[PDB]
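*Asks:* Chains from the complex, first installment, not repositioned:
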Amino acid sequence: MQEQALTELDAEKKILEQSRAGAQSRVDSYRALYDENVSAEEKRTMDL
Amino acid sequence: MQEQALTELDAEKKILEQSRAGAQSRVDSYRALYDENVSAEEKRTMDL
Amino acid sequence: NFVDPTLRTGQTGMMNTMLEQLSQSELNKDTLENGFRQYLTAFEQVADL
């Protein structure tokens, strides 16, 4: 039963790794948004 | 009492399955939104 | 590496107004041809001078 109690931790690690991957995808998305501050076309609107 | 401790897990699975179904409904909704990028009528507005 | 096909120095007003009209998201053949016919009208006028 100790081996089962110890593969349960290898399962908890998978849960936390999916959390990590979700949060990393969010950081990747918002960094792109915040870095491309205004689109090439939002500047075109202001010039217009 | 072990059998009760073991049907409690069949109850935890139901909790997690409702979570799974909620999240799957959200994915289904947002995929439809993101796939139908602009409606047939939002394009009509731009042509107008 | 730095040439941007859309923004160019010395770009004529004709090309400016065409890029203006292609700056939406729905570029179907109808808008893509109307823009070019209008560009071509302006071009014809500046070529007849």
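*Replies:* Perfect, thanks for sending it. Numbering: from 1, shown residues only, chains lettered A, B, ... in the order given.
*Asks:* Can you pull the phi/psi pair for the residue nearest to residue A:44 when sequence neighbours are not counted?
*Replies:* Distances taken as C-beta to C-beta, 6 or more residues apart in numbering or on different chains put residue C:23 closest to residue A:44, at 5.6 Å, once the chain neighbours are dropped. In short, each C-beta sits where N, CA and C put it, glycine included. Phi and psi for residue C:23, reported as degrees, to the nearest 10, are phi -90, psi 10.
*Asks:* Verify the contact between residue C:23 and residue A:41 for me.
*Replies:* Yes - counting by C-beta atoms under 8 Å, residue C:23 does reach residue A:41; the two are 5.1 Å apart.
*Asks:* Helix, strand, or coil at whatever residue of chain C ends up closest to chain B?
*Replies:* Proximity of chain C to chain B (C-beta to the nearest C-beta) peaks at residue C:26, 4.1 Å away. Taken by DSSP: H, G, I helix; E, B strand; the rest coil, the conformation at residue C:26 corresponds to coil.
*Asks:* Another chain to add, chain D:
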Amino acid sequence: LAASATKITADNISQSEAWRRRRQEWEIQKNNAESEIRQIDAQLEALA
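*Replies:* Take a look at chain D, now in place beside the chains above:
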């Protein structure tokens, strides 16, 4: 009339850009829910 039509085409570009930012928010939400599904599946595996 040229000034009016210039403001009209500026509003057109602004509209389409608002819709593009909307679709980007939607893609972020779809990825949130899509990763939450993976997390809940890993959670169901930990429960099994």
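*Asks:* Pull out the buried positions in the longest helix seen in chain C.
*Replies:* Across chain C, the helix with the greatest residue count (assigned by DSSP state H) is helix C:29-47. Neighbour-count burial for helix C:29-47, counted by 16 or more other C-beta atoms under 10 Å in any protein chain shown, picks out C:31, C:35, C:39.
*Asks:* Would you map the helices across chain D?
*Replies:* So, for chain D - with DSSP H - the helices run D:2-47.
*Asks:* again with chain A
*Replies:* A:2-35, A:40-47.
*Asks:* Give me the distance between residue A:12 and residue B:17.
*Replies:* Taking C-beta to C-beta, to the nearest Å as the measure, residue A:12 falls 19 Å from residue B:17.
*Asks:* I should have written residue C:43 there, sorry.
*Replies:* 65 Å.
*Asks:* filter the buried residues of helix C:29-47 down to the ones near chain B?
*Replies:* residue C:31 (C-beta under 8 Å from any C-beta of the partner chain).
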